[PDB]
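Step one of this worksheet: look at the structure below.
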Amino acid sequence: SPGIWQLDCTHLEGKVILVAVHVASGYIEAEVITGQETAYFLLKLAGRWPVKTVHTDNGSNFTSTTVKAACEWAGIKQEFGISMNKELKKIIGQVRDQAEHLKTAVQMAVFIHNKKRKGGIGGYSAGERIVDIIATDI
Amino acid sequence: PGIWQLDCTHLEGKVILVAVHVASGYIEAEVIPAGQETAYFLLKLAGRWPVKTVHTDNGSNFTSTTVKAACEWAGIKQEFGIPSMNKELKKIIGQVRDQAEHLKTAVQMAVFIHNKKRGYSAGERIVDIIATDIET
Ligand SMILES: Cc1ccc2oc(C#Cc3cccc(C(=O)NCCN4CCN(C(=O)c5cccc(C#Cc6oc7ccc(C)cc7c6CC(=O)O)c5)CC4)c3)c(CC(=O)O)c2c1
């Protein structure tokens, strides 16, 4: 399906970073932020992309009433079961000194990750590959 | 293919930034409190879509050093001149407001509906446009 996503956390400078990965493309979305936050992030993601199954690898998202409500409102299947976060952190480090706010540095890192080619030359970036995948499916 | 329109609207004493992909009608929006907020939103947007030129039709975004820095970092052309998306959105926000406690949430439910509804939704259109364009 073009709507398969993986959701995970990572931590950096004492803050928490939601990271969603489009499994087939490698495209990512992240935010520096609870259940209300995750639910808001999911709704925002689902209004932008086809989001029809989200995988997580622990239990935390199965115990949030608002996540479950988001889910139902948007038509997203929660599914259990499945590093990108360490590639992400390494770019965040390349740029950390270009912004005051970590969350700015996170978004610069997201930008680079989604716009760069694999190996730095040839082929489609994750950003092109998610759009390609979706444009083929419709 | 990368041309956008940026604007402000207001509800419940808050500010909603709205970006519109001009060719498709696709929109993104966020509730802010506010130049630092706008720059962050423009950086996020450019990491997801081709963002080449952003149109606005007042002077507010030309007076932010952070917006100017975001434009330079992401490679986005600020351009002046912007020739009723905000009133279609506030409609839908009204249709859902009682389903969310936060206006924030309701804005995002309105964006969802606006982009997914109809031949082709704005959300399919922006992808069609961009996918037709990577092929060219
Ligand atoms: C059924 C259902 C479904 C979904 C649901 O969802 C919810 C919910 C909720 C909830 C509550 C509270 C908060 C949130 C939330 O997540 N907000 C988004 C977070 N954030 C807020 C607003 N902001 C911020 O202030 C903020 C803070 C710090 C820094 C910045 C910046 C920057 C910045 O950029 C740059 C770019 C380029 C350059 C060159 C420089 C810069 C710079 C500056 C620099 O470096 O020099 C922005 C940015 C983003 C969500 C419900 C509950 C309900 O309704 O029932 C619900 C129910």
Side-chain angles (χ1 to χ4, degrees), chain A residues 7 9 12-20 29-48 51 54 61 64-76 78 92 94-112 115, chain B residues 6 8 11-12 14-19 28-48 51 54 61 63-76 78 92-93 95-113 116:
Chain A
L7 184 71
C9 294
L12 185 64
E13 302 180 13
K15 289 135 198 163
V16 176
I17 303 156
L18 273 294
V19 182
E29 264 171 42
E31 196 60 68
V32 179
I33 56 170
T34 75
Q36 260 180 6
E37 290 293 326
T38 293
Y40 187 63
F41 178 91
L42 288 174
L43 174 56
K44 214 179 174 301
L45 186 77
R48 173 168 322 129
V51 176
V54 169
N61 280 3
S64 169
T65 65
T66 316
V67 172
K68 284 304 205 213
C71 284
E72 181 167 335
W73 199 96
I76 304 167
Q78 284 247 238
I92 288 169
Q94 263 160 337
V95 307
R96 183 61 186 91
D97 63 356
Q98 291 189 57
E100 174 170 80
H101 302 74
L102 169 60
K103 72 188 294 295
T104 308
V106 172
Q107 294 310 330
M108 291 179 184
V110 164
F111 185 114
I112 297 301
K115 302 294 199 183
Chain B
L6 190 83
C8 264
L11 262 181
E12 304 179 7
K14 304 173 168 309
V15 183
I16 298 148
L17 320 171
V18 187
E28 306 218 344
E30 189 61 75
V31 178
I32 53 174
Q36 179 156 108
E37 296 291 318
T38 300
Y40 189 67
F41 175 88
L42 286 161
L43 169 59
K44 272 169 63 83
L45 185 75
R48 318 200 180 92
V51 182
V54 170
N61 302 125
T63 56
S64 165
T65 51
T66 306
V67 169
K68 282 17 263 149
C71 287
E72 189 181 331
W73 191 93
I76 306 165
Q78 189 66 65
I92 305 172
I93 287 167
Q95 295 187 279
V96 298
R97 190 68 198 78
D98 75 353
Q99 294 196 32
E101 278 304 340
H102 302 60
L103 173 64
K104 185 177 289 294
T105 308
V107 172
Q108 293 315 326
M109 307 171 159
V111 166
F112 183 113
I113 296 309
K116 303 290 197 195

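Order of appearance sets the numbers: ligands from 1, and atoms from 1 within every ligand. Values below: all heavy atoms of this structure, side chains included; hydrogens, waters and symmetry mates excluded. Proteins get letters first, then strands, A, B, ... in listed order; numbering begins at 1 in each.
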Next item on the list: Rounded to the nearest 0.5 Å, what's the gap from CD on B/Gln95 to CD1 on B/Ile113? Could you check?
Entry: 8.5 Å
Note to self: Heavy atoms only, cut-off 4.0 Å: how does B/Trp73 contact ligand 1, side chain, backbone, both, or neither?
What the structure shows: neither
Next item on the list: State the atoms of ligand 1, each with its element, that fall below the 4.0 Å cut-off from a heavy-atom position in A/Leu43.
Entry: 4 (C)
Next item on the list: Pick one of side chain, backbone, both or neither for how B/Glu37 approaches ligand 1, counting any non-hydrogen atom pair under 4.0 Å.
Entry: side chain
Notebook entry, point to check: What residue and atom, counting heavy atoms only, is the protein's closest point to atom 9 (C) of ligand 1, and at what distance?
Noted result: A/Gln36 O, 3.7 Å
Notebook entry, point to check: Which of the atoms of ligand 1 are close to A/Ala99, meaning less than 4.0 Å from one of its heavy atoms?
Noted result: 45 (O)
Note to self: What I want to know is whether B/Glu30 and ligand 1 share at least one N or O pair that is separated by under 3.5 angstrom.
What the structure shows: no
Notebook entry, point to check: Between A/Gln98 and ligand 1, which residue portion shows a heavy-atom distance shorter than 4.0 Å: side chain, backbone, both, or neither?
Noted result: neither
Item checked: Exercise: identify the closest heavy-atom pair between A/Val106 and A/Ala30 -> CG1-CB, 4.0 Å
Next item on the list: May I ask you to test the B/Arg97-B/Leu103 pair for a side-chain heavy-atom distance under 4.5 Å?
Entry: yes
Next item on the list: Give yes if a backbone or side-chain nitrogen or oxygen of B/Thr105 is under 3.5 Å from a nitrogen or oxygen of ligand 1, and no if not.
Entry: yes
Margin query: Checking contacts now, so for atom 29 (C) of ligand 1, which I'm interested in, is there any protein heavy atom under 4.0 Å?
Written below: yes
Notebook entry, point to check: Going by the order shown, which atoms of ligand 1 are within less than 4.0 Å of some heavy atom of A/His101?
Noted result: 28 (C), 29 (C), 43 (C), 44 (C), 45 (O)
Note to self: For atom 18 (C) of ligand 1, what is the closest protein heavy atom, and at what distance to 0.1 Å?
What the structure shows: A/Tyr40 CE2, 4.0 Å
Next item on the list: Would you name the heavy atoms of B/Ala34 and B/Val15 that are closest together and state the gap between them?
Entry: C-CG2, 4.2 Å
Check: Can you tell me which residue and heavy atom of the protein come closest to atom 55 (O) of ligand 1, and the distance to 0.1 Å?
Finding: B/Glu101 N, 3.5 Å
Check: To the nearest 0.1 Å, how far is atom 37 (C) of ligand 1 from its closest protein heavy atom, and which atom is that?
Finding: B/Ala70 CB, 3.6 Å
Notebook entry, point to check: Taking atom CD of A/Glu72 and atom CD of A/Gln78, what is their separation to the nearest 0.5 Å?
Noted result: 12.5 Å
Notebook entry, point to check: For the atom pair CE (B/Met109) and CD (B/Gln99), what is the distance rounded to the nearest 0.5 Å?
Noted result: 5.5 Å
Item checked: Part of A/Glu72 within contact of ligand 1 (heavy atoms, under 4.0 Å) -> neither
Next item on the list: Considering heavy atoms of the protein only, find what lies nearest to atom 40 (C) of ligand 1 and give residue, atom and distance to 0.1 Å.
Entry: B/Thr66 CG2, 3.4 Å
Notebook entry, point to check: Which pair of heavy atoms, one from A/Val95 and one from A/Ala105, lies closest together, and at what distance?
Noted result: CG2-O, 3.7 Å
Next item on the list: For atom 19 (C) of ligand 1, find the nearest protein heavy atom and state the residue, atom name and distance (0.1 Å precision).
Entry: A/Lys103 NZ, 4.2 Å
Check: What about A/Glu37: any of its N or O atoms under 3.5 Å from an N or O on ligand 1?
Finding: yes
Margin query: As an exercise, state the distance from CD of A/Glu29 to CZ of A/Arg48, rounded to the nearest 0.5 Å.
Written below: 4.5 Å
Item checked: For atom 43 (C) of ligand 1, closest protein heavy-atom neighbour -> B/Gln36 NE2, 3.5 Å
Checklist line | Straight-line distance of A/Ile17 CD1 to A/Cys9 SG, nearest 0.5 Å | finding: 9.5 Å
All N/O donor-acceptor pairs, side-chain side in residues 38-47 of chain A, below 3.5 Å, sequence neighbours left out:
residue: A/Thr38; atom: OG1; partner: A/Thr34; partner atom: O; Å: 3.3
residue: A/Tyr40; atom: OH; partner: B/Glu30; partner atom: OE2; Å: 2.6
residue: A/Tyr40; atom: OH; partner: B/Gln108; partner atom: NE2; Å: 3.3

Margin query: For B/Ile32, state whether at least one heavy atom is located under 4.0 Å from any atom of ligand 1.
Written below: no
Check: In Å and rounded to the nearest 0.5 Å, what is the CD to OG1 distance from B/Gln36 to B/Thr66?
Finding: 5.5 Å
Checklist line | Nearest neighbour in protein (non-hydrogen) for atom 4 (C) of ligand 1 | finding: A/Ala39 O, 3.5 Å
